[PDB]
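**Q** Pasting a structure here, questions to come.
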Amino acid sequence: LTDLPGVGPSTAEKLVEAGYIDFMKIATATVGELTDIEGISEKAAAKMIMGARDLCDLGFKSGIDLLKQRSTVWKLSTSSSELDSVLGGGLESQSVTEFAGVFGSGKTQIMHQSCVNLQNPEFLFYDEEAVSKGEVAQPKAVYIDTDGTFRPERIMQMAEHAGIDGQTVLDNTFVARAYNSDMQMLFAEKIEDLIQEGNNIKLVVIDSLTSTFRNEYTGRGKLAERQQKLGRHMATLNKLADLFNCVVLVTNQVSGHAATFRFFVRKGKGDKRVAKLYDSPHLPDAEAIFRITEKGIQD
Ligand SMILES: Nc1ncnc2c1ncn2[C@@H]1O[C@H](COP(=O)(O)OP(=O)(O)O)[C@@H](O)[C@H]1O
Ligand SMILES: [Mg+2]
Ligand SMILES: [Mg+2]
């Protein structure tokens, strides 16, 4: 951090204790966040931010550089050919993908499958030129279980059929049981701490995203506070996805959020499930047929 203009050893310590350890978090921080660090003037705050931006080469980009920026996005397979195809390759890092649908449609299943697939190196599609092995090495997932439906057995089972060690998935998956939106949001924010602790978080799951909010802000007369809180939460999830180049997944029970990809999943005949991609920035609306068996997501 002392590389940063105006940042000496003493300021560097105040910065590390305030959570600001890497350049990107400073380069993208507001003069407000830092000035609040106390002992950090607004002058020093603006200088180090300007400095960090330069160090991280933030600025106008054009031509081939646009393709290169886009290439830093890696993708996680869902184990369903149909789905991956409709996703334009697989779940995208640096973005939030939402799977909404009726109870039993398979939302939680997809969440578990993703935690497993993260441990299958061949399931992470990326341009070796924009993303180095080390960046996706020893990947870890964080699962914010809001409904209390995380099932280690299911992880073990899906892993087995994938030919990978189930215990290895468990060892690399942090689960956080949230009983309300406050815990849910806080846990989400604490993810930076796990990364700071050396954990290569590459997959974040929020299952579910809206349950707590709906239960807490049932009154549609105070739908204001709710739509707000949820917005801040989503903003936090999106920033996480970008800064730490990781895949963020959230589920929504349904009988509009800031998710960059939005799916509506419905039950087909028996095993069959239909995932309808209805919102994305560059892909056409399309349906993917897959199934849910003892092996997890397949087809
Ligand atoms: N071990 C399993 N083997 C085959 N299918 C399973 C297994 N576990 C769960 N399922 C399927 O998952 C469905 C429920 O998926 P779930 O993700 O919990 O729904 P939701 O969308 O509400 O989260 C079940 O009704 C069952 O068909
Ligand atoms: Mg993004
Ligand atoms: Mg569920």
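Note on naming: chains are A, B, ... as they come in the structure tokens, residues start from 1 per chain, ligands start from 1 in the order shown.
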Within 8 Å of ligand 1, which residues show up when you count only C-alpha atoms and all ligand atoms? List them as a PDB file with C-alpha atoms, in the first residue's frame, please.

**A**
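And here's out16.pdb as it stands now:
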```
ATOM      1  CA  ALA A 100     -36.187 -18.069  -9.946  1.00  0.00           C
ATOM      2  CA  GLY A 101     -39.012 -20.591  -9.946  1.00  0.00           C
ATOM      3  CA  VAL A 102     -41.614 -22.483  -7.961  1.00  0.00           C
ATOM      4  CA  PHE A 103     -40.755 -24.546  -4.933  1.00  0.00           C
ATOM      5  CA  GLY A 104     -39.250 -27.807  -6.124  1.00  0.00           C
ATOM      6  CA  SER A 105     -38.112 -26.501  -9.495  1.00  0.00           C
ATOM      7  CA  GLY A 106     -34.452 -27.159  -8.640  1.00  0.00           C
ATOM      8  CA  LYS A 107     -33.015 -23.835  -7.438  1.00  0.00           C
ATOM      9  CA  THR A 108     -31.206 -25.306  -4.425  1.00  0.00           C
ATOM     10  CA  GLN A 109     -30.071 -28.267  -6.553  1.00  0.00           C
ATOM     11  CA  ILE A 110     -28.296 -25.969  -9.014  1.00  0.00           C
ATOM     12  CA  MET A 111     -26.676 -24.181  -6.085  1.00  0.00           C
ATOM     13  CA  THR A 149     -31.595 -26.457   3.110  1.00  0.00           C
ATOM     14  CA  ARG A 154     -26.237 -34.094  -1.580  1.00  0.00           C
ATOM     15  CA  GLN A 157     -23.558 -37.660  -3.800  1.00  0.00           C
ATOM     16  CA  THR A 251     -32.185 -17.967  -5.996  1.00  0.00           C
ATOM     17  CA  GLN A 253     -38.855 -18.229  -4.919  1.00  0.00           C
ATOM     18  CA  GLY A 270     -40.852 -36.114 -13.664  1.00  0.00           C
ATOM     19  CA  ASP A 271     -37.084 -35.616 -13.860  1.00  0.00           C
ATOM     20  CA  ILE A 292     -32.365 -33.627 -11.856  1.00  0.00           C
ATOM     21  CA  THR A 293     -31.348 -37.144 -10.877  1.00  0.00           C
ATOM     22  CA  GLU A 294     -29.211 -38.726  -8.175  1.00  0.00           C
ATOM     23  CA  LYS A 295     -26.181 -37.479 -10.105  1.00  0.00           C
ATOM     24  CA  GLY A 296     -27.320 -33.875  -9.802  1.00  0.00           C
TER      25      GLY A 296
END
```

**Q** Which residues come within 9 Å of residue 40 of chain A, counting only C-alpha atoms, excluding same-chain residues fewer than 5 positions away, as number ranges by chain?

**A** A: 11, 14-15, 34-35, 45

**Q** Just want the residues within 6 Å of ligand 2, written as a PDB file with C-alpha atoms, in the first residue's frame, counting only C-alpha atoms and all ligand atoms.

**A**
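Result written to out24.pdb:
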```
ATOM      1  CA  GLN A  94     -18.080 -10.857 -12.559  1.00  0.00           C
ATOM      2  CA  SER A  95     -21.897 -11.080 -12.739  1.00  0.00           C
ATOM      3  CA  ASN A 238     -22.248  -7.271  -7.886  1.00  0.00           C
ATOM      4  CA  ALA A 241     -18.361 -10.494  -8.484  1.00  0.00           C
ATOM      5  CA  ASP A 242     -16.330  -7.820 -10.284  1.00  0.00           C
TER       6      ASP A 242
END
```

**Q** Using only C-alpha atoms, which protein or nucleic acid residues come within 12 Å of residue 128 of chain A? Drop anything in the same chain fewer than 3 positions from it, and give the result as a VMD selection string.

**A** chain A and resid 68 71 to 74 124 to 125 131 to 136

**Q** Write out the residues from the selection above, keeping N, CA and C atoms, as a PDB file, in the first residue's frame.

**A**
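Output file out.pdb is given in full below:
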```pdb
ATOM      1  N   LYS A  68     -10.076  -7.775 -24.397  1.00  0.00           N
ATOM      2  CA  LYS A  68      -9.229  -8.271 -23.324  1.00  0.00           C
ATOM      3  C   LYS A  68      -9.906  -8.122 -21.969  1.00  0.00           C
ATOM      4  N   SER A  71     -12.341 -10.818 -21.752  1.00  0.00           N
ATOM      5  CA  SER A  71     -11.737 -12.145 -21.632  1.00  0.00           C
ATOM      6  C   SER A  71     -11.409 -12.554 -20.204  1.00  0.00           C
ATOM      7  N   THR A  72     -11.365 -11.594 -19.290  1.00  0.00           N
ATOM      8  CA  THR A  72     -11.060 -11.916 -17.901  1.00  0.00           C
ATOM      9  C   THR A  72     -12.214 -12.669 -17.245  1.00  0.00           C
ATOM     10  N   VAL A  73     -13.343 -12.775 -17.947  1.00  0.00           N
ATOM     11  CA  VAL A  73     -14.530 -13.466 -17.430  1.00  0.00           C
ATOM     12  C   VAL A  73     -14.446 -14.962 -17.669  1.00  0.00           C
ATOM     13  N   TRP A  74     -14.377 -15.750 -16.596  1.00  0.00           N
ATOM     14  CA  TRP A  74     -14.337 -17.206 -16.745  1.00  0.00           C
ATOM     15  C   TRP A  74     -15.750 -17.734 -16.499  1.00  0.00           C
ATOM     16  N   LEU A 124     -14.268 -25.236 -15.263  1.00  0.00           N
ATOM     17  CA  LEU A 124     -14.052 -23.795 -15.260  1.00  0.00           C
ATOM     18  C   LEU A 124     -13.479 -23.409 -16.615  1.00  0.00           C
ATOM     19  N   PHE A 125     -14.334 -22.886 -17.488  1.00  0.00           N
ATOM     20  CA  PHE A 125     -13.915 -22.476 -18.823  1.00  0.00           C
ATOM     21  C   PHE A 125     -13.362 -21.047 -18.819  1.00  0.00           C
ATOM     22  N   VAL A 131      -6.793 -15.266 -18.067  1.00  0.00           N
ATOM     23  CA  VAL A 131      -6.892 -15.828 -16.725  1.00  0.00           C
ATOM     24  C   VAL A 131      -5.854 -16.925 -16.511  1.00  0.00           C
ATOM     25  N   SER A 132      -4.913 -16.668 -15.609  1.00  0.00           N
ATOM     26  CA  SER A 132      -3.849 -17.623 -15.300  1.00  0.00           C
ATOM     27  C   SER A 132      -4.322 -18.741 -14.374  1.00  0.00           C
ATOM     28  N   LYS A 133      -3.646 -19.883 -14.439  1.00  0.00           N
ATOM     29  CA  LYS A 133      -3.985 -21.031 -13.600  1.00  0.00           C
ATOM     30  C   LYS A 133      -4.113 -20.629 -12.133  1.00  0.00           C
ATOM     31  N   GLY A 134      -3.129 -19.877 -11.650  1.00  0.00           N
ATOM     32  CA  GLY A 134      -3.123 -19.452 -10.265  1.00  0.00           C
ATOM     33  C   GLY A 134      -4.362 -18.715  -9.803  1.00  0.00           C
ATOM     34  N   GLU A 135      -4.993 -17.968 -10.706  1.00  0.00           N
ATOM     35  CA  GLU A 135      -6.185 -17.205 -10.354  1.00  0.00           C
ATOM     36  C   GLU A 135      -7.365 -18.102  -9.994  1.00  0.00           C
ATOM     37  N   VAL A 136      -7.466 -19.250 -10.652  1.00  0.00           N
ATOM     38  CA  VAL A 136      -8.543 -20.192 -10.375  1.00  0.00           C
ATOM     39  C   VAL A 136      -8.018 -21.434  -9.647  1.00  0.00           C
TER      40      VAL A 136
END
```

**Q** Using DSSP on the backbone coordinates, identify all residues within segment 2-174 of chain A classified as helix (DSSP H, G or I); present the result as a count of residues only.

**A** 82

**Q** One decimal, in Å: what's the spacing between atom CA of residue 167 of chain A and atom CA of residue 76 of chain A?

**A**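 Rounded to one decimal, the two atoms are 20.2 Å apart.
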
**Q** Once you count only C-alpha atoms, what closest atom pair and distance in Å to one decimal does each residue of segment 219-290 of chain A within 12 Å of segment 207-211 of chain A have, with rows by chain and rising residue number, as CSV?

**A**
```
residue,atom,partner,partner_atom,distance
A:226,CA,A:210,CA,9.9
A:227,CA,A:210,CA,10.3
A:229,CA,A:210,CA,10.9
A:230,CA,A:210,CA,8.0
A:231,CA,A:210,CA,11.1
A:233,CA,A:209,CA,9.3
A:234,CA,A:209,CA,9.2
A:237,CA,A:209,CA,10.8
A:248,CA,A:207,CA,11.0
A:249,CA,A:207,CA,8.2
A:250,CA,A:209,CA,5.6
A:251,CA,A:208,CA,4.9
A:252,CA,A:209,CA,5.8
A:253,CA,A:211,CA,7.4
A:254,CA,A:210,CA,9.8
A:256,CA,A:210,CA,11.0
A:257,CA,A:210,CA,9.9
A:258,CA,A:209,CA,11.6
A:259,CA,A:209,CA,10.8
```

**Q** For the strand (DSSP E or B) assignment from backbone DSSP, which residues of segment 58-171 of chain A qualify? Please present them as a ChimeraX atom specification.

**A** /A:75-76,91-93,95-101,124-125,140-145

**Q** Using only C-alpha atoms, which protein or nucleic acid residues come within 8 Å of segment 41-44 of chain A? Drop anything in the same chain fewer than 2 positions from it, and give the result as a PyMOL selection string.

**A** chain A and resi 6-7+31-32+34-35+38-39+46-48

**Q** For atom CA of residue 205 of chain A and atom CA of residue 219 of chain A, determine how far apart the two atoms are, in Å to one decimal place.

**A**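 Distance between the two atoms: 27.0 Å.
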
**Q** In Å, with one decimal, what is the gap from atom CA of residue 158 of chain A to atom CA of residue 116 of chain A?

**A**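 Between atom CA of residue 158 of chain A and atom CA of residue 116 of chain A the gap is 7.0 Å.
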
**Q** Within 9 Å of residue 69 of chain A, counting only C-alpha atoms, which residues show up once you throw out same-chain ones fewer than 5 positions away? Write them as a list in words, please.

**A**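 Here the qualifying residues turn out to be residues 61, 64 and 130 of chain A.
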
**Q** The selected residues should be written to file as a JSON list (two decimals), in the first residue's frame (atoms: N, CA and C atoms).

**A**
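Just written: result24.json:
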```json
[["chain", "number", "residue", "atom", "x", "y", "z"],
["A", 61, "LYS", "N", -10.79, 2.76, -22.34],
["A", 61, "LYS", "CA", -10.21, 1.63, -23.07],
["A", 61, "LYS", "C", -10.99, 1.52, -24.37],
["A", 64, "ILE", "N", -9.07, -3.43, -29.27],
["A", 64, "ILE", "CA", -8.75, -4.75, -28.75],
["A", 64, "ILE", "C", -8.78, -4.83, -27.21],
["A", 130, "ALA", "N", -6.02, -14.56, -20.59],
["A", 130, "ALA", "CA", -6.54, -13.51, -19.72],
["A", 130, "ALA", "C", -6.63, -13.96, -18.27]]
```

**Q** Using only C-alpha atoms and all ligand atoms, which residue out of A:146, A:79, A:114, A:200 lies closest to ligand 3?

**A** A:146
